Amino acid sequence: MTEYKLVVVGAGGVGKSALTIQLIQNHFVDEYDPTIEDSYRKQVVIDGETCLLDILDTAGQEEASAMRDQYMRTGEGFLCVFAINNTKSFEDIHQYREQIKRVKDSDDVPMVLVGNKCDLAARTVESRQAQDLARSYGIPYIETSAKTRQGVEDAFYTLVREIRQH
């Protein structure tokens, strides 16, 4: 059993915790309880190989923005999450991307771009704009709903595959 260290990052309120709890417990969290730092474990078979996912769920509120280097050092792959009805959260993605690259001193960090809340009709970030950004990073783009489970396994398990092939 290989162990994988995944880290979920992105602006406050985009659904990092809801995505993680949906993956771990098959439950959608309606409350908005801002995270400081939480961690979860999940044994799961991916492409026929059993592994153990360690998932770090991080703080998106700006008041915690000076405490990120410590978790970026330990992570092996990053889910970069924005919400498709929140343009500012999309504009915040590049700041996370650049900080991860700096901390890990690498242009080649496993990452997946995640556009969450895709169950909501009132989209303000178009798929094409997010896909263009993902291509510029060399990473896949996956739209998700923590509420319906759409895309959730795909997002996390795609990240595992990119760590595996790293």
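Sequential numbering from 1, following the sequence displayed.
Engineer: On mean C-alpha B-factor from the PDB entry, just flag whether 75 to 83 or 89 to 97 is the higher one.
Structural biologist: Per the PDB record, 89 to 97.
Engineer: Taking only the CA atoms, which stretch has the higher mean B-factor in the record, 66 to 74 or 45 to 53?
Structural biologist: According to the entry, 66 to 74 carries the higher average C-alpha B-factor.
Engineer: Taking the entry's C-alpha B-factors for this chain, is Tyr32 in the lowest, middle or highest third?
Structural biologist: Top third by C-alpha B-factor.
Engineer: Check where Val103 lands among this chain's C-alpha B-factors and tell me if it's the lowest, middle or highest third.
Structural biologist: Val103: CA B-factor falls in the highest third of its chain.
Engineer: By its CA B factor, does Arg135 count among the lowest, middle or highest third of the modelled residues in the chain?
Structural biologist: For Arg135, whose C-alpha B-factor we compare with every modelled residue in the chain, the answer is the lowest third.
Engineer: Which third, lowest, middle or highest, does the CA B-factor of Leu120 fall in along this chain?
Structural biologist: Highest third, going by the recorded CA B-factors of the chain.
Engineer: Quick one: classify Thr58 as lowest, middle or highest third of the chain based on its Cα B-factor.
Structural biologist: As the PDB entry reports it, the C-alpha B-factor of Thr58 lands in the lowest third of its chain.
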